[PDB]
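Heads up: the protein sequence lines correspond to chains B and A, in order.
Residue numbers for the first sequence follow the deposited numbering, so the first one is 2 and each next one is one higher.
Residue numbers for the second sequence follow the deposited numbering, so the first one is 2 and each next one is one higher.
For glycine and all other residues, C-beta sits at the position ideal for the given N, C-alpha and C.
Below is one structure, written out as structure tokens; the observations come after it.
Number of protein chains: 2
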Amino acid sequence: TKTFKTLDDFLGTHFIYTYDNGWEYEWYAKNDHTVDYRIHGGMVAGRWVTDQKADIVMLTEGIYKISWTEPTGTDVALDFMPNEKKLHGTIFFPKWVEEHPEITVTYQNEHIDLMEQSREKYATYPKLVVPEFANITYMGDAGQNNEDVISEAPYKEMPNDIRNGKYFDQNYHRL
Amino acid sequence: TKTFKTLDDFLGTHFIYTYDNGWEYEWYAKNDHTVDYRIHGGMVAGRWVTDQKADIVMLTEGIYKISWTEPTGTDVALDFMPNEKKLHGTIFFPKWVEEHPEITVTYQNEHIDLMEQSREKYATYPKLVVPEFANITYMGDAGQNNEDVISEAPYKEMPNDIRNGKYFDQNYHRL
């Protein structure tokens, strides 16, 4: 497998990663300022997001940091260490997302107004802060600006289909 | 100059760092779950904080990530790369802190209730997200649980006094 050294090595990479509890998250560095993601397990299993604007930097050779804030009010700081197949993410959830996570379980792009209305109506504090390491179980070279990577809701067998080479074609597109 | 390799190498280190605009921040890894800080320039110059609880991990050899949330509602994710004298910090400010930063300019420990009252009374959104690199201009081995390191409000020449060896005694204490 390739060694990650530059920002360019990182961008266009499609990741699946697993937590200790077994929860599976999926994330794609679409370009130098945009991320797509899809959640397979845990509190917000079923949630997926495209075109989330983010700050993406290389901290040092092969280590990458992504910062963003969400329509729900959630703040995220993700650090990728792909050469060690490791990730560390900190999610700062507003109180209301901890209380009513199901509201955020949707294709967010079609419900932006609802997320914004919710974050003003319900409680913000205290925040649920979740700083956790994850193990990277899949890395794919999707290329940049590939709209097929995260283009539908998650389904039960999806991470397996992706890893087994049954989801994408030879060009990392959906047939 | 010593090489940082372990979490223990990092803990007990007292940092001063400068942004490109000239603003100076000061931060101390007091123990594996506690940080003190002091702000010398910028939006919240004059603010200082002790005993802030934080998540502190080593991402990989010599790279350290610190996550915390504040009585004001502010979320912080700091990444230290001390072997390269570099830091990257992302601060997610609630709207009200951007609007009224002077409210947060105090010794926070004596005004916790005021911070909590303010974060409920004023606007949270949109967040001011500030992801920026900084250059580390001072690293001192303070030891862990040193209550002298950040123990008074900042003053004009303080960073100079610290760097020039005029602030602390031989044991990293205040005379």
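With a cutoff of 8 Å on beta-carbon distance, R48/A and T107/A are scored as near each other. Take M59/A, set aside five residues on each side of it, and the residues of its chain with a beta-carbon closer than 6 Å to its own are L8, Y65, in chain order. Identification of chain A residues near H89/B by a Cβ-Cβ cut-off of 8 Å yields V58, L60, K66, ordered along the chain. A154/B counts as exposed, since fewer than 16 other beta carbons sit within 10 angstroms of its beta carbon. Under the Cβ distance rule, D80/B counts among the residues neighbouring chain A, one pair being separated by less than 8 Å.
Of the candidates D149/A, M159/A, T35/A, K128/A, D149/A places its Cα closest to the Cα of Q171/A. Within the same chain, and ignoring the five residues on either side of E25/B in sequence, the residues whose Cβ sits closer than 7 Å to its Cβ are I17, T19, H41, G42, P160. Buried is the label assigned to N147/B, since at least 16 other Cβ atoms lie within 10 Å of its Cβ. Interface criterion not met: the Cβ of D114/A is under 8 Å from no Cβ in chain B.
Excluding the 5 residues flanking it on each side, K6/A has same chain C-beta neighbours closer than 6 Å at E62, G63, in chain order. Taking 8 Å as the cut-off, the Cβ atoms of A135/A and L176/A do not count as close.
Runs of beta strand (DSSP E) with 3 or more residues, each lying fully within the region 98-155 of chain B, are found at 129-142, listed in chain order.
Separation of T105/B and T2/B (C-alpha to C-alpha, rounded to the nearest whole angstrom) is 36 Å.
Burial check for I67/A: the Cβ neighbour count within 10 Å reaches 16 or more, so the residue is buried. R39/A places its beta carbon 8 Å or farther from that of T73/A. According to DSSP, residue pairing for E27/A in a beta bridge involves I17/A, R39/A. The straight-line gap separating the alpha-carbon atoms of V77/B and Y173/A is approximately 36 Å. The alpha-carbon separation between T4/B and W28/B amounts to approximately 19 Å.
The C-beta distance from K128/B to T75/A rounds to 10 Å, too long to fall under 8 Å, and the pair is not in contact.
The residue among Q145/A, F94/A, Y126/A, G90/A with its C-alpha nearest the C-alpha of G13/A is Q145/A. Residue-level contact check: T2/A does not touch chain B, since none of the beta carbons of chain B fall below 8 Å from its beta carbon. Sequence-distant Cβ neighbours of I113/B in its own chain, meaning closer than 6 Å and more than five residues away, are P72.
The alpha-carbon of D142/B is positioned some 42 Å away from that of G141/A. Counting only residues of its own chain and dropping the five nearest sequence neighbours on each side, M44/B has a CB closer than 6 Å to the CB of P102. Taking the CA atoms as reference points, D52/B sits about 20 Å from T91/B.
For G90/A, the pairing in a beta bridge is given by DSSP as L79/A, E133/A. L79/B and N110/B have their C-alpha atoms roughly 21 Å apart. By alpha-carbon distance to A30/A, the top candidate from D21/A, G23/A, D10/A is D10/A. Ranked by how close their Cα comes to the Cα of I57/B, the residues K86/A, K157/A, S152/A, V131/A have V131/A in first place.
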